[PDB]
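>>> Here is the sequence, then the experimental structure:
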Amino acid sequence: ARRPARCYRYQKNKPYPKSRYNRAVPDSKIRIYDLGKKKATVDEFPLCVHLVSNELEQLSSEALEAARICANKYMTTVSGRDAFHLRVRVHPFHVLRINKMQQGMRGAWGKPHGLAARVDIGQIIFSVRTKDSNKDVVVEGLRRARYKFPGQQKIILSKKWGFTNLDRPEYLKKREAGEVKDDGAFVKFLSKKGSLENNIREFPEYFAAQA
Amino acid sequence: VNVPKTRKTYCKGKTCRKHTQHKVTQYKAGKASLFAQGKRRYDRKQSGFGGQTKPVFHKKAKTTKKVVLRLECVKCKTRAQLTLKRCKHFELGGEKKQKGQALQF
Amino acid sequence: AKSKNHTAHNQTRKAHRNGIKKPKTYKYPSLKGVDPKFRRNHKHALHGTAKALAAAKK
Amino acid sequence: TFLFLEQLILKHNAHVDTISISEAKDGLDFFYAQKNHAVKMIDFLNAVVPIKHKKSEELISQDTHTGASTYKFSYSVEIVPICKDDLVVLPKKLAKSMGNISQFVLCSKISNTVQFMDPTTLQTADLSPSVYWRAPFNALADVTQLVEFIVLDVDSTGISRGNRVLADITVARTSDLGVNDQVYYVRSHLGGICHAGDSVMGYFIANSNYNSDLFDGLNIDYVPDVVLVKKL
Amino acid sequence: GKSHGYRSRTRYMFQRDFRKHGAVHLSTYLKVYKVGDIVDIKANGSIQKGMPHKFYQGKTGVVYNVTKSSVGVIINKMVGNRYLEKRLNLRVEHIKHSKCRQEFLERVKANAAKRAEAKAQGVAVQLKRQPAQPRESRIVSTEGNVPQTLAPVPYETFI
RNA sequence: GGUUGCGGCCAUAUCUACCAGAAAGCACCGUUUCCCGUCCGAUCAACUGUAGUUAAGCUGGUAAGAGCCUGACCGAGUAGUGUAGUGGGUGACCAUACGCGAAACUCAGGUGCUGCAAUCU
RNA sequence: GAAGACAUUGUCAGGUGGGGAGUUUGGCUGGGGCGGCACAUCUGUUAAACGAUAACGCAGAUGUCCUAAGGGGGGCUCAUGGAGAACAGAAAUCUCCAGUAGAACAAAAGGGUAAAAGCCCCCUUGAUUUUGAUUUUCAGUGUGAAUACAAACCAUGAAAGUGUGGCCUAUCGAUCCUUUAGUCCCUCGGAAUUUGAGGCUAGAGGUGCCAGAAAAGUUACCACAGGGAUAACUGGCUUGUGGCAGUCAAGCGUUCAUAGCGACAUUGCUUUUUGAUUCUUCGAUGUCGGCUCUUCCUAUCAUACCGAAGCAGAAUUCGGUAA
RNA sequence: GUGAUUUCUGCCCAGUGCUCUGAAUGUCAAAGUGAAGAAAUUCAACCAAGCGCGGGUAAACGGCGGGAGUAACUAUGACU
RNA sequence: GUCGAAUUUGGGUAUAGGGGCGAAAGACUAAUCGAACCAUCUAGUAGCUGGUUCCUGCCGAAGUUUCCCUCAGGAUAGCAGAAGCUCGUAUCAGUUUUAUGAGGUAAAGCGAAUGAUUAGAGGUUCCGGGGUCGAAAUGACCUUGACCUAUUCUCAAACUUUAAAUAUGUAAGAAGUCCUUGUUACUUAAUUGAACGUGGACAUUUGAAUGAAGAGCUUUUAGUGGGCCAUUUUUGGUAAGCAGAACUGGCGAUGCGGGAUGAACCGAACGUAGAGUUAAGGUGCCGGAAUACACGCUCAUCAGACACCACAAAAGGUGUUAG
Ligand SMILES: [Mg+2]
Ligand SMILES: [Mg+2]
Ligand SMILES: [Mg+2]
Ligand SMILES: [Mg+2]
Ligand SMILES: [Mg+2]
Ligand SMILES: [Mg+2]
Ligand SMILES: [Mg+2]
Ligand SMILES: [Mg+2]
Ligand SMILES: [Mg+2]
Ligand SMILES: [Mg+2]
Ligand SMILES: [Mg+2]
Ligand SMILES: [Mg+2]
Ligand SMILES: [Mg+2]
Ligand SMILES: [Mg+2]
Ligand SMILES: [Mg+2]
Ligand SMILES: [Mg+2]
Ligand SMILES: [Mg+2]
Ligand SMILES: [Mg+2]
Ligand SMILES: [Mg+2]
Ligand SMILES: [Mg+2]
Ligand SMILES: [Mg+2]
Ligand SMILES: [Mg+2]
Ligand SMILES: [Mg+2]
Ligand SMILES: [Mg+2]
Ligand SMILES: [Mg+2]
Ligand SMILES: [Mg+2]
Ligand SMILES: [Mg+2]
Ligand SMILES: [Mg+2]
Ligand SMILES: [Mg+2]
Ligand SMILES: [Mg+2]
Ligand SMILES: [Mg+2]
Ligand SMILES: [Mg+2]
Ligand SMILES: [Mg+2]
Ligand SMILES: [Mg+2]
Ligand SMILES: [Mg+2]
Ligand SMILES: [Mg+2]
Ligand SMILES: [Mg+2]
Ligand SMILES: [Mg+2]
Ligand SMILES: [Mg+2]
Ligand SMILES: [Mg+2]
Ligand SMILES: [Mg+2]
Ligand SMILES: [Mg+2]
Ligand SMILES: [Mg+2]
Ligand SMILES: [Mg+2]
Ligand SMILES: [Mg+2]
Ligand SMILES: [Mg+2]
Ligand SMILES: [Mg+2]
C-alpha cells in the first residue's frame, strides 16, 4: 500500500483537504495528540521544551505516529508516566494522490493515498511541559522522536512558563497578586476592560491590597 | 403549455390600427400541391435512368416543434401570425391553475 | 500525432511593430446613436441661426 | 431495462468473477481478470435482454519468450432503448411484415427479444435485435409522459385470446373531473382489471406535438385520442 | 467543454460589499450628467438592468448621450495593433463622475486668477507645476538634542 | 436650545440593562351614523379633542458594557513582494544589494453630524 | 395431323433479382481500436487580485417547464428556537416572545432580494405593431442572447411611474424545396376575362458531426503515394515497481535488546525486472533459443590467509582481504 | 450433400429459408369505370401477381439452458 | 514415389479475358494471373516524395486569431516588402510624476459568517440512553454523549471580516476659459433650460517630467499558419532530455571571445584596414599573462580543484581547528 516517503516529501501541489468535492479520504494514522498527565494545573509543570522543525517539508501521518510512541515510551519508563504533558501540535489535513491504475496517460488523474502535514521553518512539532529537575529525560526522549522524521529538526528549551504566553518572571509578577486564575487545562488573566460587575464575580483575590 | 382561446392585441388593417379581439386556434401545415415549380422540376429529374438524383434526409435530432398561432381580428377578419417556444404538450381554452391542490389517488 | 494547441507567445512583440495607435479625436462627432427627439430639434435649430445670419448678412 | 437487469443479474448471480465495477453516464463498466469470465456474462446477457456487442483489443508486452504476448480485451454491449411501457410508432415495411400489425403500438414484455401489443385491436408481434439494429428507430413517448385519468364504466364487446380484452372504457381526466365538462371514450386492452372509479395512467395524444417522421406518415384521424398504459 | 457566458468569472466582482446590501441612496439619482463629463464605471449588483459587461469594470470614458434613465459613455478598447471606439448605454447606478477632472477644473480658475492678478501686480507669472526638487541646506542644532549611539544586538531564540 | 412635517450622509446613529423629561408638539387614548375593511371597528376607514395620561412610544442621560468609528517612536520597517549577481547550499531552501510595504495583536479616545419650512417659557 | 383467336410477338405497368454493375462505409485521440464528447452551450475552479488564456484537468449542468411560474397594484414576513393551550405523543390546529434571513425565489452552480424580487389577493395580456442603433462571443461576419431609445396602440395604479416575456448569468439553426399571413399590390412579354403558375415582405417544416455530404462489412491473396509528424525490437532520460545496502530496533534467542534470527518505519545505490515516454531508425541496424568462443564486473559458491560465535571436539553459522 | 466395409444415425418446424390439390376481402400499379368542374384537373368505387394469414418440411440453414419446492440431512440423466 | 492402367505420349481439332479451363491449389490461360498481352483515351489525377541553372546592394518574417468531413491542406486577420500621396514642428510615446479609479492573488483570520478540528474546566435535564434507591412520580444518587458558557490545539484551489507588492483605466487646456444675448417643431408653471452660435476679453511659462532620423493617409502583393529553449509562476504525473498553460528574454534565421568539447549558458551581436582600451574568462607547463603579495585551513592505503554541468544522502568519527 505505502510508497516511500521520499516521493511525497516536498510541498509541490496546493492544499487539497477533505471536502464535498474530494469526499473519500483514508483515516489518519495519528489519532490522539495530547499524552502524559493532561489533567494537570499550570503551576505543576513550569519547564517547557519544544521540538522545532528546520525545513519546509511534509511529515506524513505515520512519521508522527512512530515518533509519538517512541518519545512517550522512553519518558514513561524512565521518569514515570505522570511526570510530563506531551502535546503533538501538528495535525495532518493535506491529502496525497497516487496514480494507481485505455493507455497510460490517456486519462490520468490519481486516487487518494494518505494524509500528511505541511511543516515550516521554525514551526513547533512536539511541545512538552515538565518539572524543573526532569529536563534530561525530556531532551533524550525527543532525541529518539527525531530519528523517525526526515529532514532537520532541533530541540529548544523554552523561556516561557509551561504552555503560557508569558516569561518565567512575568508570570510570577502577576500570579502573586490576584491577576491570574486557573481555567481548567490552561489559564485566565484579569482584564482592565469589560463590565466591572463580572470582573468582581471572578478574580476574588484582586481588589483588596492585603494578601 | 396552455393558452386562452381569445387574445386582445394590436390589429393592423386600415380600418383597425388599435387593440381589438382576436380569435386563436392553431397553425396546420397546408398540402403539398403538385404543379408547384419544385415538384415539376423534381418529377422530371427522377424520370429516366440514373437512380436517386437528390439527397434523402435521415439523421434527425429534434423532438419538438414550435407553436404558431393564427390570430383573426373579429371585426375585420384580418389574420396575423405569432410564434412560441418549443414544448412537448400544448392545448388551449380552459384547464387553469388552482390555489394549492395536493396530489390525489 | 498531437499538436501544440494554444499560446500567446510573441503576440505582444508583433503588436508593437506598428504602434498600437489611438483612433483620432474629431471636432464634431456623429449623431448616429443619439436620441432621435433631440436631433429632430437640432436640425430645425441650425436652419434658423443660418437663416438669421443669412438675413443679417444680406 | 438497466434497473431490471441489475435485479435479474442478482437472482441467477453471474457476478463474482469481476475485480470491480465502475459507472458511466448511460450504463456501467464491469472489469474481469480472465477473458473466459467475461464471455459467460455476455452469453448470460444474450439470454435475458436484447443486445448488440463487439470486442476489440490492446497489446502491451510481446515477450520474445512465447506463451505471453499479453493482450487486453474490451466488449462494448448496447441494450435496445425501447423500454417496457413506451408508446411506439413502427416503420411501414416492418409493420406490414410482422403480422400486418398497425404502426401505432405499445410494448408488451421486453425479454430476450422485444414484443409489441396493439391496445385497441388486441394483437401481438415480435422484433429480434438482429432485425431491430439493421434499421433502428426510437420511442414516440416515454414513461415520463403519462397522465392520470379516472375510469367511469367499461363496456365489454367480446374477444379473449388470453387477457379478457377489447373493453370500451369510458374515462375522464383527473384535471378535468373537478372542473369543466369533457369525457373521452376509448377501446382498450385493459378489460379484465378495470373497474369504475379507478385511477389509470396513459398517454393523452390530443395535446402532444411530436416530431417523428414515422408518426408524420400516419392518418391524423385514425389515431386514437387517448391510450391508457396501466391501471393504478 | 468550455464556458464563456456573459457573466462568467464575476463571483466577487458584482458582489454587494459587507453591511451595504439593499436599497441605493437617493444622492445617486439626484446627480446631473451632461455631454462631455468624465465618468468611472462600477457595476452595482442589485440593479440587473442597464448593467455593463465585466470588461468595462474600472474603465473611464466620456458622456455622449443622455436619455430617460441612462447615459451614453464612450470607451476605448484595445484589440491587436489597434484601439476601437465603443459605445455603452448604462443606467445611472453603475456610473459616477471622475474626481480627477473636477480637480483639474478648479486649477483652471486658480491659474486664470494668477494671470489676472499678475498683470495688476506687474510682470512675471511662472504657473507650471514643478516636480519635487532636491532639498536645501540647514543647520540641525544639538541644543537639547545630543546624538544617541546604537549598536547591533546579539541573537536570542525566544520560542 | 427643544419639538413637528419633509430630508442628506446611513450604528460616533445599533443592541442589553438602568435612570430623567418644564413648555408646546408628538403620542397612547374616546366613539361606530356615514365612505370603507375585517372571523373580530384589533389593524385599516370615518367622527370627536370631547372623557383621561406621561404609565408605554418619543427625547436625552448613565455603564473600568457588547458592538461600531478614528488614531498611535503599538505590533513592524516584520509577513509578503518588483528588480540583481559564474552569491551560499547535494537538495529542500537561505543570505546579501537597489526599492515597495500589510493584517491580526496591543494601547488611546469617541458614542450621531447637518439642510428647508413651521412652531415653543 | 394437333392446337386456335388462346398462345407467340410488340409497348407500358407492378412484383422478384449479390446472378451482375457503380459507390460509400465521420473527427478528436499520450500509436490505432473500444469507451468518452473535451464535436454546439452554461456555473464554480485550474486562472498567477484589469481583460485574455491549455490538457481525454477537477467539481457539476443543457436540448426542457410556465396564461402564470408574464405585466401592474395592494396586503404581509420567512428558516428555526423558547413559553402556553381537552383527545394530541418528536410531527395536526390556536396564542405569545426572540429571530439580518440561518427561509423562499420551475431546474446546475454563483450573485441578487425584507413596508421585497419572498408568501396571499384584485385587475390583466407589453409574451403586441413599425423598423433602425448598441453589447457579448468576433474576422468587430453570421447564429443565439441581451441593452437603451424612437414612432403607434394598450395594461395597471389616487398618483409619481412601471411594463417590448420568464430577478441575473444557459435553454438553440443558412442557401435550395414546401407552406402560412400580408399587399389582395407586380408578371405570364399580339390583346383580353376567369382557372393555374410565378414574384415582393414577414413566420414555420432541419440539419446535436449544432457556419448545416445522401452512405455496411471483409482481406492471413493484396496494391500504390508517403510517414521515423506514429506503433511492434537495440539505445537514451525516468525508477513507481523489482533487486541490493545501511540507520532505529518490536518480538525472539530458558536468565539475558545488539553471537545470531530478525517486523515495521526512515536514508540511499543499481539498470541483470517491469512500467512511463516517443529523441534516433519505416529509399529496411536480420526480429527467440541452443551450439561455438573470447574477454570484463564483484554484489565471492569453491579454492589462500584471517576476525567473531549462545566456537569442548567434530560438524556449522556470521564478518574481513581477494575475481 | 456425405464419403469403402461393420453398427448406428436421437429430440426440435419458434427463427431464416424452401414449399402448399389450403383461407379470402386485409393490402394493392398502369389501363379502364363513376362523380365534381368551362377545361386543364381533382375525388371515389373496382383490382393481377406478390405481401400478410393457415398447414408441410431438419440426410434444408441450424439449435439441443435455467430456476425454485418434494415432513431430518440429501435433491438425482428422478417426480412438480 | 509409381511402373498394365482414373497409365505415358506425337499430330489434328474445340473452348478467349469479368471470358475460358479447373479430380478445387485462387491453380492454369507463351519466364506475365485475387482478372493475360498490344495500341489508344493519356502530358489521366496527387492536399504526398525529389529537383528547380548568374553577381552585388537595401529592407526583412512566421508557427498565432476565427471558419472549413478541418488535424501532413485551404480561406481569414496578423507580422514583411514595394509604390506612393497630403503636410512639415508634428502631435505622439512597450517610460516617469502629480491627481484620481478599478481588482480579492501573496500574507492574515477562524476566543469573526461558511466548512473542517485537539484538549480539559464550569453548567443544564420533564427531553439519545445505562447503572444505584425504587409501587409510581414533570423523583433523587452516579454516568456517557448531545447542545449552553467563557477557554484552548490545527487548517481550506472550489471559506472569509482585513488585505499588499508587481501588473492595469482616466485627466494635466486653443478643438480651451470667461462675458455678451441670438436660433428651436426638443424641455420648462415661466425664454427657464438644453445643444450649436454672432460679437467682445484672454497668447508663446499656453499651464507636470523625459524624449522625438519628422506627423498622418491610401493602394497592392510575397512567405508563414509542425516550433523549441531558459529565469520566475504553475496544472497533470512517483518521476522524465515527459504532457499542458502564464509574462519576459532567446535559438530557429547568428558568426565572433569565454564554458576543453556542445542550437539555447556568460560576454558581446559582424562593410574594408591601423593604433589604443577592455568584457566574460584567466596568469606552474601545454598557452599569450605574477612558481605575485597577504591571513588562515586541510594530508586523504578512492584528497581536492570554479556557475548552467554532466550527481550523492540519512547516520557516524578522543582526526584536527575555532566556538
Ligand atoms: Mg421508368
Ligand atoms: Mg498547430
Ligand atoms: Mg483540443
Ligand atoms: Mg429582464
Ligand atoms: Mg378602539
Ligand atoms: Mg385611523
Ligand atoms: Mg415614564
Ligand atoms: Mg465600550
Ligand atoms: Mg438485387
Ligand atoms: Mg443482385
Ligand atoms: Mg458489388
Ligand atoms: Mg482518425
Ligand atoms: Mg473512439
Ligand atoms: Mg482575470
Ligand atoms: Mg415572477
Ligand atoms: Mg406568350
Ligand atoms: Mg427556418
Ligand atoms: Mg428544413
Ligand atoms: Mg470494399
Ligand atoms: Mg488479419
Ligand atoms: Mg486461401
Ligand atoms: Mg499465388
Ligand atoms: Mg519520434
Ligand atoms: Mg541506407
Ligand atoms: Mg549489421
Ligand atoms: Mg571486493
Ligand atoms: Mg445434407
Ligand atoms: Mg475427403
Ligand atoms: Mg424451426
Ligand atoms: Mg420454418
Ligand atoms: Mg413453418
Ligand atoms: Mg408458413
Ligand atoms: Mg506463365
Ligand atoms: Mg507535368
Ligand atoms: Mg537589419
Ligand atoms: Mg461540413
Ligand atoms: Mg513532410
Ligand atoms: Mg478568483
Ligand atoms: Mg493564504
Ligand atoms: Mg485561493
Ligand atoms: Mg491550420
Ligand atoms: Mg513532444
Ligand atoms: Mg524551419
Ligand atoms: Mg547570437
Ligand atoms: Mg565543462
Ligand atoms: Mg545574466
Ligand atoms: Mg607563458
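Great, that's in hand. Residues are numbered from 1 along each chain as shown, chains lettered A, B, ... in the order given. Ligands and ions are numbered 1, 2, ... in the order given.
>>> Contacts only, for the most centrally placed residue in chain B.
Nearest residue to the geometric centre of chain B (C-alpha atoms, centre = their mean): residue B:27, 3.0 Å. Each residue near residue B:27 by C-beta atoms under 8 Å, 6 or more residues apart in numbering or on different chains is listed here: B:67-70, B:81. Any C-beta I mention is one placed from the backbone N, CA and C, and that applies to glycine too.
>>> Kindly present these as TSV, with separate columns for distance to residue D:214 and neighbour count.
Output for the contacts of residue B:27, formatted as TSV (distance: C-beta to C-beta, whole Å; neighbours: other C-beta atoms under 10 Å in any protein chain shown):
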residue	distance to residue D:214	neighbour count
B:67	22	18
B:68	23	12
B:69	27	17
B:70	27	15
B:81	28	9
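>>> Give me the subset of those that also touch RNA strand I.
The subset of these within reach of RNA strand I, by C-beta under 7 Å from any atom of the strand, is empty.
>>> wait, which of these is closest to residue E:75?
Nearest to residue E:75 among the contacts of residue B:27, counting by C-beta to C-beta, is residue B:81 at 40.8 Å.
>>> How about that closest one: what's its closest non-neighbour residue?
residue B:68 (6.0 Å; C-beta to C-beta, 6 or more residues apart in numbering or on different chains).
>>> phi, psi of the one you found?
Dihedral angles of residue B:68 (phi, psi; degrees, to the nearest 10) stand at phi -100, psi 150.
>>> what's near enough to touch it?
B:26-27, B:81-84.
>>> show me where the chain has helices.
Answering for chain A, as no chain was given. Taking DSSP state H, the helices of chain A run over residues A:61-78, A:136-146, A:168-176, A:198-201.
>>> actually chain E
E:99-121.
>>> What of chain B?
B:37-46.
>>> Contact partners for residue D:104?
Applying C-beta under 8 Å, 6+ apart, the residues near residue D:104 are D:89-90, D:118, D:218, D:223-224.
>>> before we move on, back to that, any idea how far the residue nearest to the centre of chain B lies from RNA strand G?
The spacing between residue B:27 and RNA strand G, counted by C-beta to the nearest atom of the strand, to the nearest Å, is 6 Å.
>>> Residue A:12 now?
12 Å.
>>> At which residues are the strands of the chain located?
Since you didn't name a chain, this refers to chain A. A:34-36, A:47-53, A:84-88, A:94-98, A:111-116, A:124-130, A:153-157, A:180-182, A:187-189 (DSSP state E).
>>> think we crossed wires, I meant chain E
Using DSSP E, strands in chain E cover E:38-41, E:60-67, E:70-78, E:83-91, E:95-97.
>>> of all these, which lies closest to RNA strand H?
strand E:83-91 (56.4 Å; C-beta to the nearest atom of the strand).
>>> hmm, the closest one touching RNA strand I?
No. Strand E:83-91 lies out of reach of RNA strand I by C-beta under 7 Å from any atom of the strand, never closer than 8.0 Å.
>>> Could you name the helices and strands sitting against that strand?
Secondary-structure packing of strand E:83-91 (3 or more C-beta pairs under 8 Å, 6 or more residues apart in numbering or on different chains; DSSP states H and E): strand E:70-78.
>>> what's the angle between the strand it packs on and strand E:83-91?
Angle, strand E:70-78 to strand E:83-91, by axes from the mean of the first three to the mean of the last three C-alpha atoms, to 10 degrees: 160 degrees.
>>> okay if I get the strands of chain A as CSV plus distance to residue E:114 and mean neighbour count?
Shown next, in CSV, are the strands of chain A (distance: least, C-beta to C-beta, whole Å; neighbours: other C-beta atoms under 10 Å in any protein chain shown):
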stretch, distance to residue E:114, mean neighbour count
strand A:34-36, 76, 17
strand A:47-53, 67, 22
strand A:84-88, 73, 22
strand A:94-98, 66, 18
strand A:111-116, 70, 19
strand A:124-130, 66, 23
strand A:153-157, 68, 16
strand A:180-182, 68, 16
strand A:187-189, 63, 16
